[PDB]
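Following: one structure in C-alpha cells, then a few remarks.
Bear in mind these aren't lab numbers, they're just calculated from the coordinates by the rules spelled out. Heads up, the Cβs are rebuilt from the backbone with ideal geometry, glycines too, and the neighbour counts pull from every protein chain shown.
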There are 2 protein chains.
Amino acid sequence: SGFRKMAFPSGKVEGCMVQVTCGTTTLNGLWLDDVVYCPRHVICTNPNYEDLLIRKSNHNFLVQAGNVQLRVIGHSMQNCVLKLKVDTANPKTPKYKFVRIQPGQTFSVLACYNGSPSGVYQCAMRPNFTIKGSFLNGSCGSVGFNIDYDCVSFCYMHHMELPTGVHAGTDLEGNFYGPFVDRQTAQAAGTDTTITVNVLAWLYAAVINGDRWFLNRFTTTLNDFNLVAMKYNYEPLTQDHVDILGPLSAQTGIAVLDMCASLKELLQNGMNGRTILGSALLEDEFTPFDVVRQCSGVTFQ
Amino acid sequence: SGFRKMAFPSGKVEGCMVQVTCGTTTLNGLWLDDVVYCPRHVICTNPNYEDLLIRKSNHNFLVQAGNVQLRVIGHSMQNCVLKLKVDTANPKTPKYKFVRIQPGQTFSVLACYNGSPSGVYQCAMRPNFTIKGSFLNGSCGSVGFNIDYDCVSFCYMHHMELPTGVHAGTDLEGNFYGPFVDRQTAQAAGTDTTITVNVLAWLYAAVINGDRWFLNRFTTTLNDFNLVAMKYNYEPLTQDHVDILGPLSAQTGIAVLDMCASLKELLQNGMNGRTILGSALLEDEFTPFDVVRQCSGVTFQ
Ligand SMILES: *[C@H](O)[C@H](C[C@@H]1CCNC1=O)NC(=O)[C@H](CC1CC1)NC(=O)[C@@H](NC(=O)OCc1ccccc1)C(C)(C)C
Ligand SMILES: *[C@H](O)[C@H](C[C@@H]1CCNC1=O)NC(=O)[C@H](CC1CC1)NC(=O)[C@@H](NC(=O)OCc1ccccc1)C(C)(C)C
C-alpha cells in the first residue's frame with residue numbers, strides 16, 4: 001500500500017555521467033560507448049553554432065570521467081547536441097535506446113552538477129513541452145530516462161530554464177521538445193493544460209489504496225465529459241485513453257466513464273477539504289503505466 | 001529553479017541488494033562486506049525467533065546476488081535483523097555507516113522485490129515513528145538511506161505495513177522505530193503531528209522559488225506561535241529549530257519569526273485556492289537541509 005511519486009533506480013545512468021568543460025563552460029555529458037553527448041551550447045562564444053564549432057579543437061574539450069581524463073578524438077554536432085568522440089568506450093554502458101516521449105508521459109531525471117549526480121526525481125512532459133524540474137546553474141546535460149527491464153531509454157537532455165521557472169530540453173538526437181531554441185532570446189512556455197488520462201489513472205490509484213470518498217453513483221458520456229474537460233482546461237479524453245485505463249478499471253471494478261463522472265464532480269465542486277493520496281489537488285503526473293507499475297511491483301535490472 | 005521531492009541517487013545501494021529465500025519466504029537483503037542483513041521474520045515458522053533460529057541451518061538460506069549464489073557460512077540474529085555471514089565480500093560495498101534517524105528527518109527508500117530495485121523515492125520519519133512509504137508484498141528488507149559525499153548512511157530497513165497503510169521498520173541494528181514488533185498482532189500507529197520546522201523550511205523554499213503571496217507584515221513570539229501550533233496539531237518549534245532555519249532566513253531576508261507569522265495565518269485562514277510550490281497543502285517532509293541541498297546544488301559520489 002501507499003503511493004509515492006517514484007523514480008527509477010538511477011545506477012545505470014550514474015555510471016554514464018561525465019563532466020565536460022570547454023572554455024569557461026562546465027556542464028554534464030552522457031558517456032555511452034565511445035561517445036559523449038552534451039548540449040551544444042558548451043561551444044565557445046544569437047549564436048551561430050556551426051561557425052563556432054569549426055573554430056574548435058578536440059583538445060578544447062576537457063572530459064572528466066570521475067578523476068580519469070577522457071581524450072577527445074573527434075567531435076560533431078547533431079541538432080542541438082554535441083557528440084564528442086572519445087578514445088575509451090565506457091565500460092559501464094547499459095543496454096540503451098534513444099526515444100522521444102509524448103506530452104503526458106513521465107520519466108526520471110538524474111540531476112547532475114560537474115558530472116556528479118545530485119538527486120533523482122520523477123516528472124512529466126507537459127502538454128506545452130516543458131517540464132517542471134529542479135535545476136540550477138550547471139545542471140545542463142542532465143538526462144531524463146525510463147528503464148524497461150535492463151534497457152535505459154533516454155528521452156531528455158536538459159538545456160534551459162524559461163522565465164516561469166520551468167525547463168526545456170531536447171531528446172538525445174538533439175531535437176527540442178516544443179518550440180524552443182538554445183538561444184537566450186525571449187521565449188515563453190505557452191499555455192499548459194492538465195493531463196486528463198493521468199488524473200484518472202491517479203484516481204484509480206487512490207481507489208486501489210482505499211480513498212473512495214469521491215466515487216459516485218453517477219455516470220457520463222465521453223462527449224459530455226470532454227465538454228467539462230474543455231471548461232476546466234483539461235485535455236480531451238479519447239477512446240484510446242479509455243482503452244489504456246481498461247486494466248485499472250477491471251482491477252477496481254469502476255468503469256472508466258464512472259470515474260470520469262467522479263472527476264466531473266471534483267472539477268465542479270472541489271474537494272471540500274478532503275485529500276486524495278495525500279494531495280489537495282488533482283495530480284496529473286502519474287501515467288496509467290506508472291500506477292500499474294507501482295501497484296503491482298514491477299522491478300528492473 | 002523548481003522544487004521537487006528529490007531522492008538520492010541509488011546506485012551505491014543498488015549494488016548491495018540481494019534476494020534472501022528461506023522456506024517459502026522471499027525478501028530482500030543488504031549485502032555489505034561478507035554479511036547479508038535482512039528482516040528476521042524470514043525465519044521458518046506470536047513467534048519465538050530464538051527458538052526458530054536454532055532449528056535453522058546455513059543451507060536453509062538461499063541468497064541470490066543477481067544470478068550468482070552466495071554460500072551462507074554462518075548466521076546470527078541482532079534484535080529484529082538477521083546477519084547472514086557469506087563467503088564472498090561484496091566487491092561493490094560502498095563506504096557506509098548505520099545511523100538511526102530522528103522523527104522529522106528524511107531519507108531515500110530504494111524499494112526492491114526479489115533482490116531487484118523497483119524504484120526510489122524520498123520520505124520522512126513521522127513523529128509517530130511510521131513512514132508513509134509505497135511497499136507491496138515482498139518489499140521487506142528494502143532499505144532507506146542518506147548519502148553524504150561518498151558515504152551511505154543506512155537508517156531504515158522495511159518490515160511491515162500497519163492497518164492505516166503506513167509502514168514500520170527498524171534501523172540496521174535491528175531496533176524498531178516506534179513501539180512496534182515484528183508480530184502480526186493488532187498494532188496501531190498512534191496519533192501523528194505535523195513537522196513544523198519542515199513546513200517552515202518548505203515555505204523558505206517557496207520564497208527562494210518566487211512564491212511570496214503568503215508573506216506578511218506581521219510577526220509573533222515563539223510562545224504565541226507554539227500556542228497556535230498546539231491548536232493545529234503541529235509540533236512545537238524550539239530555539240534550536242529557529243537556529244537551523246537561520247541560513248534560510250539569511251538567504252531570503254525573512255526572519256524566522258516572521259515566517260512563523262505567515263504560517264499562523266496559513267493555519268488560521270487556509271490558502272484560499274492558492275498553491276505553494278505546486279501544493280494545496282502545507283508540506284512537511286522537506287528538512288532545512290533538504291531545502292538548502294536542493295537550492296544550492298550539492299552533489300555526491
Ligand atoms: C545549463 O547548466 C543552464 C541550466 C539553467 C540555468 C538555471 N536553470 C537551468 O536549468 N542553462 C543555461 O544557462 C541556458 C543556456 C542557454 C540555452 C543556451 N540559459 C538559460 O537557461 C537562460 N534562460 C533563457 O535564456 O531563456 C529564457 C528567456 C531568456 C531571455 C528572456 C526571457 C526568457 C537563463 C536566463 C535561465 C540562464
Ligand atoms: C514483507 O515483504 C512484508 C511487507 C508488507 C506486506 C504489504 N506491505 C508491506 O509493507 N511484510 C509483512 O508481510 C509483515 C511480516 C510480519 C512482520 C512479521 N506483515 C505485515 O506487514 C502485516 N501487518 C501486520 O501484521 O501488522 C498490522 C496489524 C496486524 C493485525 C491486526 C491489525 C494490524 C500485513 C497484514 C500487512 C501482511
TODO: Apply the Karplus parameterisation 6.51 cos²θ - 1.76 cosθ + 1.60, with θ equal to phi minus 60°, to every residue of the stretch B:248-256 and state each ³J(HN,Hα) to the nearest whole Hz, in sequence, with x for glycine and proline.
DONE: 5, 4, 5, 4, 8, x, 10, 4, 4
Open item on the list: For the pair A:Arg55/B:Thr93, report the inter-label distance in nm, with labels modelled 7 Å from Cα in the Cβ direction.
Closed with: 5.3
Open item on the list: Which three extents, in angstrom, do the Cα atoms of the stretch B:193-296 have along their principal axes, listed largest first?
Closed with: 34, 33, 27
Open item on the list: Quick check: the distance between the Cα centres of the stretch B:243-301 and the stretch B:4-24, to the nearest angstrom?
Closed with: 30
Task: In Å, descending, principal axis extents of the Cα set of the stretch B:15-94 - done: 37, 22, 19
TODO: Run through the other copies and list how far each one's label point is from that of B:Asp51, in nm with one decimal, shortest first; the point sits 7 Å from Cα along Cα-Cβ.
DONE: 8.4
Open item on the list: If each label sits 7 angstrom from Cα along the C-beta direction, how far apart, in nm, is B:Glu173 from its counterparts in the other copies?
Closed with: 5.7
Open item on the list: Give me the dipole magnitude in Debye, nearest 20, for the stretch A:193-296 about the Cα centre, with unit charges on the beta carbon: positive for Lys and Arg, negative for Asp and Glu.
Closed with: 320
Task: Rounded to whole Hz, the Karplus (6.51, -1.76, 1.60) HN-Hα couplings of the stretch A:181-190, x for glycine and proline - done: 10, 8, 10, 7, 7, 3, 9, 10, 4, x
- [ ] Please give the average number of partner chain Cβ atoms lying within 10 Å of the Cβ of each residue in A:8-18, rounded to a whole number.
- [x] 5
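Looking at the protein assembly as shown, what % of its DSSP beta bridges pair antiparallel, to the nearest 5? Before the final figure, lay out the partial values.
Numbers: 104 of 114 bridges.
Bridges in the protein assembly as shown are about 90 percent antiparallel.
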Task: Gyration tensor (Cα) of chain B, equivalent ellipsoid semi-axes in angstrom - done: 41, 21, 14
- [ ] For A:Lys97, enumerate residues with amide H under 5 Å from its amide H, sequence gap 5+ or separate chain, H modeled in the peptide plane.
- [x] A:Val152, A:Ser153, A:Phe154
- [ ] Can you tell me the dipole magnitude for the protein assembly as shown around its Cα centre, using point charges on the Cβ only (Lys, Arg +1; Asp, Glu -1), in Debye to the nearest 20?
- [x] 500
TODO: Can you tell me the order of A:33-39, B:111-117, B:253-259 when each peptide is scored by its average per-residue count of other Cβ atoms within 10 angstrom, highest first?
DONE: B:111-117, A:33-39, B:253-259
Task: Whole-Hz ³J(HN,Hα) from phi, Karplus 6.51 cos²θ - 1.76 cosθ + 1.60, for the stretch A:227-233, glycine and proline x - done: 5, 6, 3, 4, 5, 9, 6
Task: Of B:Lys12/B:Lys97; A:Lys132/B:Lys5; B:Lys12/B:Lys83; A:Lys83/B:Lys12, those spanning more than 23 Å from alpha-carbon to alpha-carbon - done: A:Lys83/B:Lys12
Open item on the list: Tell me whether the protein assembly as shown comes out rounded, prolate or oblate; compute the Cα gyration tensor, take square roots of the eigenvalues as a ≥ b ≥ c, and use a/c under 1.5 as the rounded threshold.
Closed with: rounded
Task: Neighbouring partner chain Cβ atoms per residue of B:133-141, average, 10 Å criterion - done: 3
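Which value in deg cm²/dmol, rounded to the nearest 500, describes the helix-derived mean residue ellipticity at 222 nm for chain A, given -39,500 (n - 2.57) per DSSP H run of n ≥ 4 and division by the residue count?
Working: 8 runs with 67 residues, N = 301.
It lands at -6000 deg cm²/dmol.
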- [ ] Enter the mean number of other protein chain beta carbons within 10 Å of the beta carbon of each residue in B:112-118, as an integer.
- [x] 5
